[PDB]
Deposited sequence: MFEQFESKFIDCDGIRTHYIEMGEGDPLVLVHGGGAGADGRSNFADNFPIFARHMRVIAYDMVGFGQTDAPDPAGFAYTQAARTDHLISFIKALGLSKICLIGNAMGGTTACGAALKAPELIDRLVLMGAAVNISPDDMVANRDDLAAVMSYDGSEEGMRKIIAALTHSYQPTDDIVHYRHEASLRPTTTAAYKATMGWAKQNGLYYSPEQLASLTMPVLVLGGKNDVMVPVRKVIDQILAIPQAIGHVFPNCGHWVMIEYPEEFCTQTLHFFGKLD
């Protein structure tokens, strides 16, 4: 699946990193979510050609995910900081400046970290159901199971009223079972569950570029009150709340997602 995009690879301080790209113009980098089997292609395949009309659009696979190196977790610590440095490494590796940058969930954690840690690379940031204020306790109070049904339950949970295709289910399911990424995933989520996916309101308010904050009203992973807290904690932030929408705005409402982001990026 997804062979309409040419897989490319580049080295990011010794992490070999898979990415796809499409279109021409100013660079836009998309960061996928941190669910099991997640990667760039499957997260953003529907948005890619809409965005490619206006921008040079790039989705990469985060360390531990997709077809990017998933270093052995016996010697690699799967911390937010590693994700964050990988992204910065990636953006630099392609020689990109002044990017537009969008992150879903843990990918939002990561986009946010790069924006704070390396603002000179990033002109605009979009946080979309982004885990940027989820504490260990926040994860506690919220609350995989193997198989093709288990994956179908995941998807029905992260979405409001969206029926995935069989090809999509099977791609994600197979993906969740790749053994290197399954290990990296178990580490990634273990660390997240104990340390949370979290920046302080002070750090959030320290973001230096324009920011748009997106959220589905029915999202159960990053509930809408958390999205609101981000709109309110980040002074310059625009907020847009989608109704009848779970944790995958970009998949559940792809046209509206691309319209709002492209408008915010100044391409309409």
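Q: Any chance you could give me the deposited-sequence numbering of all the stretches lacking C-alphas?
A: Holes in the chain trace, numbered from 1: 144-151, 277.
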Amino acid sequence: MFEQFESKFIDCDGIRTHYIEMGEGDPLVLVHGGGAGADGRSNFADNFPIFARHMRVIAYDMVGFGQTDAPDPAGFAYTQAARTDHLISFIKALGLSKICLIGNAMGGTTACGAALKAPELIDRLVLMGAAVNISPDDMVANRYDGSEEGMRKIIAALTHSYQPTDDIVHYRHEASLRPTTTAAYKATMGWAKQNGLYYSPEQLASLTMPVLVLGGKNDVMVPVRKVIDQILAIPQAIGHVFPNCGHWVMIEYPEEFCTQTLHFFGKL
From here on, numbers count along this sequence of modelled residues.
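Q: Look over 239-247 and 197-205 in the entry and identify the one with the greater average Cα temperature factor.
A: Taking the mean C-alpha B-factor of 239-247 and of 197-205, the larger value falls to 197-205.
Q: Which is higher on mean Cα B factor in this entry, 174-182 or 101-109?
A: Per the deposited B-factors, the answer is 174-182.
Q: Just to confirm, going by the entry's C-alpha B-factors, which of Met139, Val132, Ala187, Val126 comes out highest?
A: Top of the list by C-alpha B-factor: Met139.
Q: Among all modelled residues of this chain, ranked by Cα B factor, put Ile15 in the bottom, middle or top third, i.e. lowest, middle or highest.
A: Highest third, going by the recorded CA B-factors of the chain.
Q: Check where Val169 lands among this chain's C-alpha B-factors and tell me if it's the lowest, middle or highest third.
A: Within its chain, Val169 is a middle-third residue by C-alpha B-factor, going by the deposited values.
Q: If you rank every modelled residue in this chain by C-alpha B factor, which third holds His263: lowest, middle or highest?
A: Lowest third - that is where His263 ends up once the chain's C-alpha B-factors are sorted.
Q: Would you check the entry's CA temperature factor for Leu158 and let me know if it's in the chain's lowest, middle or highest third?
A: Within its chain, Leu158 is a highest-third residue by C-alpha B-factor, going by the deposited values.
Q: What third of the chain does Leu30 rank in for C-alpha temperature factor, lowest, middle or highest?
A: Bottom third by C-alpha B-factor.
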